[PDB]
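Visitor: If you read the sequences in order, they're chains X and V. Here the first sequence is numbered in this note's numbering, starting from 2 and rising by one per residue. Here the second sequence is numbered in this note's numbering, starting from 1465 and rising by one per residue.
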Amino acid sequence: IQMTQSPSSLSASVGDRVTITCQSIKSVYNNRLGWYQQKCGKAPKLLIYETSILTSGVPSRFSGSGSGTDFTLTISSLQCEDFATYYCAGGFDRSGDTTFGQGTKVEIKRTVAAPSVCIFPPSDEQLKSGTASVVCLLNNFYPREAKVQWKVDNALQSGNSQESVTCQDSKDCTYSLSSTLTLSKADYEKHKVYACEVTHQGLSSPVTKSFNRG
Amino acid sequence: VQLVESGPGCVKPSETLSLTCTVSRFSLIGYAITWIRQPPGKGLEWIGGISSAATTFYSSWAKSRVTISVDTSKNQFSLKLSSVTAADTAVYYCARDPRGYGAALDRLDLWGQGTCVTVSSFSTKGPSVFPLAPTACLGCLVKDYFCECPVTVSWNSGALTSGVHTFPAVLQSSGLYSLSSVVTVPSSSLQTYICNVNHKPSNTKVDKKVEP
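(1) Whole beta strand (DSSP E) runs in the region 16 to 87 of chain X with 3 or more residues, listed along the chain?
(2) Tell me the DSSP secondary structure of X:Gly-102 in three-state form.
(3) Do the CB positions of X:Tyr-87 and X:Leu-74 come within less than 9 Å of each other?
(4) Buried or exposed, going by whether 16 or more other CB atoms sit within 10 Å of the CB of X:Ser-25?
(5) Are at least three pairs of beta-carbons, each pair with one atom in the region 27 to 44 of chain X and one in the region 1571 to 1583 of chain V, less than 8 Å apart?
(6) If contact is defined by three or more beta carbon pairs under 8 Å, each pair taking one atom from either stretch, is the region 1536 to 1545 of chain V in contact with the region 1562 to 1569 of chain V?
(7) Considering only the alpha carbon of each residue, which of X:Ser-177, X:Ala-156 and X:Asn-155 lies closest to V:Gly-1627?
(8) From the DSSP output, read off the bridge partner residues of V:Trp-1575.
(9) Does V:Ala-1600 get closer than 9 Å to chain X when you measure Cβ to Cβ?
(10) Please state whether DSSP places X:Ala-156 in a helix, a strand or coil.
(11) So, using beta-carbon positions, are V:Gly-1507 and X:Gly-58 closer together than 9 Å?
(12) Here's the rule: buried if 16 or more other CB atoms are within 10 angstroms of the residue's CB, otherwise exposed. What is V:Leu-1654?
(13) What is the DSSP secondary structure of X:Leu-128, reduced to helix, strand or coil?
(14) Would you mind giving the Cβ-Cβ distance between V:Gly-1566 and V:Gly-1513, rounded to the nearest angstrom? I have them listed as a contact below 8 Å.
(15) Taking 7 Å as the limit between beta carbons, can you name the residues of its chain near X:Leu-184, skipping five residues before and five after?
(16) Which value, in whole angstroms, describes the spacing of the CA atoms of V:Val-1548 and V:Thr-1498?
(17) So which residues of chain X does V:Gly-1639 contact, with C-beta pairs closer than 9 Å?
(18) Could one say the Cβ of V:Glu-1612 lies closer than 9 Å to chain X's Cβ atoms, at least one of them?
(19) Going by DSSP, which residues form a beta bridge with V:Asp-1535?
(20) Got a sec, what are the start and stop residues for the alpha helix (DSSP H) X:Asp-188 sits in?
(21) With DSSP run on the structure shown, which of helix, strand or coil describes V:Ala-1518?
(22) Under three-state DSSP, which class holds V:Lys-1664?
(23) Whether or not the region 1654 to 1661 of chain V and the region 1608 to 1624 of chain V are in contact is what I'm after, with contact meaning three or more pairs of Cβ atoms, one per stretch, closer than 8 Å; do they touch?
(24) Mind checking whether V:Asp-1671 and V:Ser-1638 have CB atoms under 9 Å apart?
(25) Does X:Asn-213 pass the burial test, meaning 16 or more other C-beta atoms within 10 Å, or should it be called exposed?
(26) Could you tell me which residues DSSP pairs with X:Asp-170 in its beta bridges?
(27) If you reduce the DSSP assignment to three classes, tell me which class X:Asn-140 lands in.
(28) Tell me whether the beta-carbon of X:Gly-102 lies closer than 9 Å to the beta-carbon of X:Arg-33.
(29) Looking at the unbroken beta strand (DSSP E) that takes in X:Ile-120, where does it start and where does it end?
(30) In chain order, what residues of the same chain lie with their CB nearer than 6 Å to the CB of X:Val-29, ignoring the 5 residues before and after it?
(31) Could you check the C-alpha separation between V:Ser-1533 and X:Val-136 for me, to the nearest Å?
(32) Would V:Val-1465 be called buried (16 or more neighbouring beta carbons within 10 Å of its own) or exposed?
(33) Could you tell me whether any Cβ in chain V is nearer than 9 Å to the Cβ of X:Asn-140?
(34) Grab the span of the beta strand (DSSP E) containing X:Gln-6 for me, first residue to last.
(35) Using only alpha-carbon positions, find the residue among X:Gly-67, X:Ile-49, X:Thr-112 and X:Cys-168 that is nearest to X:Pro-60.
(36) Using three-state DSSP, classify V:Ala-1526 as helix, strand or coil.
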């Protein structure tokens, strides 16, 4: 059974002290308790081993404590680059009784940041085939809530767009977002203005970026 | 020192999955290698491991479907997972315990970057790579590919890292993946801009020039 971690997710501001707990049923064998940090898209990284010893190069803001069945990871001055899922891992004997905790997500709150917006028309190569993708990019905003609306010749679109979002940025805690509008070449060629309108609490009114085909 | 993982990427149900983890550089360490997997959106799960004495350990769930071994002549560690189903879809990681322990997770000081495995009936398909042409924004659209990973996007062959955002892929209503990689650059950049895209399951290697 995975060891128990608490909470499942938490958020605090830059500079705050936060604590993550790890609890097991059996007592740990010979201080075999370590803590891993996993950033998006990346392998976990060992931050602390044998309960309280820091990996070389890990900043001193991380510390580990506890014993037996109850362990704590503390981050004493939360930074944007600490956005990650943290896992404890333990050994209870020397013959195969070892497991991970369920993970705890850490998010970092910061001030509002408005996105800067970019729009891309379909490339000529893609237009050579029968498909046309239009891409709207929202860069470096906070918080994550954002409405992207596509308009073609001022007609609103639904069902032909998809978005995805990065994780919180290591340097400035912002998100970035891409929205892709998919049309057929035939429908693309019938129309002239392509626009994406962005609504975000950092902008006093919605921002529209657009292009005229050709 | 790097643990280089290799594997087929997209596999069909009931096949045997074969992964390798090759130690790419000499280490004077008598180290152990542990295998761990992470299903999409879930946590880390121990599969098993191999000690400095080659003592091979297996998680209770893997004891009957996994074989773990080492080929010392190639410093290559192997994992075989038999009769896969869609539930074996996950990122598979190899990691090193510097103490030589084959059954320990508290001190994995060095990790491979993971090899993505998708168990599915659907056919592999390589991506098309399209420039997204214009501070300023530029990038590449990797479109219409299956399975999702392993997929690699670099800029200028690694030279351009600051400001680059490669987005998670989305499953399109066509049933194929699409993603974009973008970088914000100085507004009056003329500079050569190459995105390097590798979709290993389809043997697709494309370098694409993004010009004004």
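A virtual CB, placed ideally from N, CA and C, is assigned to each residue, including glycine.
Guide: This is what the structure gives:
(1) Counting whole runs of 3 or more residues, the region 16 to 87 of chain X contains the beta strand (DSSP E) stretches 19 to 24, 34 to 39, 46 to 50, 63 to 68 and 71 to 76.
(2) strand
(3) Yes, they are a contact pair.
(4) buried
(5) Under the three-pair Cβ rule at 8 Å, the region 27 to 44 of chain X counts as touching the region 1571 to 1583 of chain V.
(6) no
(7) When C-alpha distances from V:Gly-1627 are compared across X:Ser-177, X:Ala-156 and X:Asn-155, the shortest belongs to X:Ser-177.
(8) V:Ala-1559
(9) yes
(10) DSSP places X:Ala-156 in the strand class (E or B) of the three-state scheme.
(11) No, Cβ-Cβ distance for V:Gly-1507 and X:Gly-58 is not below 9 Å.
(12) When all chains shown are included, V:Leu-1654 counts as exposed.
(13) helix
(14) 4 Å
(15) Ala-133 and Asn-161
(16) 20 Å
(17) Correct list: empty, because the minimum Cβ distance to chain X is about 13 Å.
(18) Closer than 9 Å: no.
(19) V:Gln-1540
(20) Per DSSP, X:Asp-188 belongs to the alpha helix (DSSP H) from 186 to 190.
(21) Coil at V:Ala-1518, not helix or strand.
(22) helix
(23) yes
(24) no
(25) exposed
(26) DSSP, once it has assigned bridges, lists no residue as partnering X:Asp-170.
(27) strand
(28) Going by C-beta atoms, X:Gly-102 is not nearer than 9 Å to X:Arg-33.
(29) 117 to 121
(30) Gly-91
(31) Rounded to the nearest angstrom, the two C-alpha atoms are 47 Å apart.
(32) exposed
(33) yes
(34) 5 to 7
(35) X:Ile-49
(36) coil
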